[PDB]
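For reference, the structure is listed below as structure tokens.
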Amino acid sequence: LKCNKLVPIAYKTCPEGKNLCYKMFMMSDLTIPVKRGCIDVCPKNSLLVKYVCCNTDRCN
């Protein structure tokens with residue numbers, strides 16, 4: 001899977017073990033994010049942050 005970095009411009013292949021791309025949004029998601037990378041299993045989301053996991057190339 002191809003996951004992007006903080007910016008939706010540069011992205012790479014989420015390596016062996018991590019084939020999922022997620023993007024955590026602080027305060028609110030409606031806005032622009034705070035952090036986003038790859039993962040294997042989506043963590044527990046919070047009320048202060050929004051955990052948006054995906055499995056699509058360039059999802060984040």
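Just so we're on the same page: first chain in the structure tokens is A, next is B, and so on; residues restart at 1 for each chain, and ligands are numbered from 1 in the order they show up.
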- Message: I'd like the neighbourhood of segment 9-22 of chain A as a PyMOL selection string, where a residue qualifies if any of its atoms comes within 8 Å (using only C-alpha atoms), though same-chain residues fewer than 3 positions away should be ignored.
- Response: chain A and resi 1-5+36-42+51-60
- Message: Quick check for you: according to DSSP on this backbone, which residues of chain A are classed as strand (DSSP E)? Reply as a PyMOL selection string.
- Response: chain A and resi 2-4+11-13+20-26+35-39+49-54
- Could you tell me how far atom CA of residue 47 of chain A lies from atom CA of residue 7 of chain A, in Å and to one decimal?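 If I compute the distance from atom CA of residue 47 of chain A to atom CA of residue 7 of chain A, I get 23.2 Å.
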- For atom CA of residue 45 of chain A and atom CA of residue 30 of chain A, the interatomic separation in Å (one decimal):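 Going from atom CA of residue 45 of chain A over to atom CA of residue 30 of chain A, I get 15.4 Å.
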- Got a sec: who's within 6 Å of residue 25 of chain A, counting only C-alpha atoms, leaving out chain neighbours fewer than 4 positions off, as a list in words?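 Listing them by chain and then by number gives residues 29, 33, 34, 49 and 50 of chain A.
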